[PDB]
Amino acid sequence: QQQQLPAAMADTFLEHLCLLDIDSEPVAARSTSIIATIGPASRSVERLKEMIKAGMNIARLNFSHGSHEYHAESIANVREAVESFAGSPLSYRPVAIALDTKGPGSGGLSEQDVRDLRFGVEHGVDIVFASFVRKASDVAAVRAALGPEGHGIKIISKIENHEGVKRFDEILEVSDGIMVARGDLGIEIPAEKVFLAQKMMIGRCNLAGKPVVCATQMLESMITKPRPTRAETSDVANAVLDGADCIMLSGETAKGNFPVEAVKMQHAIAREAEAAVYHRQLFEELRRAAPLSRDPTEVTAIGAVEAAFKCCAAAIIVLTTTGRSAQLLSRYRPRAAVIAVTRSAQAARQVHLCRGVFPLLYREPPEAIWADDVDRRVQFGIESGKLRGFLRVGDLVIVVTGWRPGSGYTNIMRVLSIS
């Protein structure tokens, strides 16, 4: 069998490793999102179209470099490249825009960060990667600088030093997610300890059900070379096996000679590594650790993921306003793709932070009866799923919906046979 299914059926983690097969081809869509830093080498609309086709899901703009005018032009070019595919709604791929802050430097929230965060709100950025977060009050300051109009921007705290690692729990509690910012972390703490901080933070984020990004020097040699080193491919695969929701490219896409090839390489490795995940142990441990809950979205999500594993469901189609119902499905790490049908263009972009969530932006005419409108949003997930290769006639899918309109009312799971 394909997608490492012989290794998936193993009774121990050791036997699972023994059964990994280089000839077992991945079939599932690539789950781990790729964040590519946009810079001189990846700014043109033509280059950005190739990066989107190669697998870029989130465009990062590093406000440690360039200027407001430079980054606004990169943002406009990203949006032009993304919207060039909107003419085919069944295959359109949303792409998030993330602003990475310069940071506090010596000393709270710097004056440059206040201005850059305001720029982010004015330019409709989806995510903020907040540099050098070392305590909960740093997150509150970033949130306050985003103001009343930036209530919906996701804050991903970058852990870059010893204090951030030690105060991790309080930082994660108030953040939307975390970035393991290994460049500074590898200079702030001994280089030989970074893997411990990475594995601990990824594990704690997986436990919390919040997105975690692995970043910096993942494919470093590809800045000048067309192929990566053996350590670099291993690093990408191990970040996925660790449980990372996203993987990142910095100089590799911002200034390197092979930006598209770096994205293609992360896509190819992530897909292989996702199939090599030992779901039998991972699901059991995530399910045991996820606390008991009376929230119906929480209850429906675990029921849906259990049902998907029982029938080898090709996908879990979920309707979501904010992305939350898709995020609660993603936290259980289903092998089934989570196809999230949303009308919110911002939620479609932001949900790339959660592993295995494939956002579909709904642009079909509304139905007069709310129940019919729900059914056509589900048929839209099915038709997009068929076109993209997620679904085929005869497949089983799990459909997750709610009892009334508006966010917070997901409570239904259905088993549906395709076509």
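Each residue number is its position in the shown sequence, starting from 1. Heads up, when I say rigid core I mean the largest set of C-alphas that superpose within 1.5 Å between the two forms.
Of the stretches 390-398 and 361-369, which sits farther from where it is here in 8 other deposited structures of this protein, on average over its Cα atoms, after fitting the core?
So, of the two stretches, the farther one in 8 other deposited structures of this protein is 361-369.
Is the larger C-alpha RMS shift in 8 other deposited structures of this protein, relative to this form with the rigid core superposed, found in 88-96 or in 344-352?
Between 88-96 and 344-352, the one lying farther away in 8 other deposited structures of this protein is 88-96.
How many missing residues of the deposited sequence lie between residue 107 and residue 108 in the entry, grouped as none, 1 to 3, 4 to 9, or 10 or more?
1 to 3 residues lack coordinates between residue 107 and residue 108.
Quick one: higher average CA temperature factor, 121-129 or 268-276?
The recorded data point to 121-129.
Given the B-factors recorded for C-alpha atoms, which segment has the greater mean, 61-69 or 373-381?
The stretch with the larger mean CA B-factor is 61-69.
Can you tell me which of 333, 294, 210, 151 has the highest Cα temperature factor in the record?
The record points to 151.
So among 137, 320, 198, 234, who wins on Cα B-factor in the entry?
Among 137, 320, 198, 234, the PDB entry lists the largest C-alpha B-factor for 137.
Within-chain third of residue 158 by Cα B-factor, per the entry:
According to the entry, residue 158 has a C-alpha B-factor in the chain's middle third.
What third of its chain, lowest, middle or highest, does the C-alpha temperature factor of residue 33 fall into?
As the PDB entry reports it, the C-alpha B-factor of residue 33 lands in the lowest third of its chain.
How does the C-alpha B factor of residue 168 compare with the rest of the chain: lowest, middle or highest third?
Within its chain, residue 168 is a middle-third residue by C-alpha B-factor, going by the deposited values.
Quick check on the deposited entry: does the C-alpha B-factor of residue 301 sit in the lowest, middle or highest third of its chain?
CA B-factor rank for residue 301: lowest third.
Could you look up the Cα B-factor of residue 48 in the entry and say which third of the chain it sits in: lowest, middle or highest?
CA B-factor rank for residue 48: highest third.
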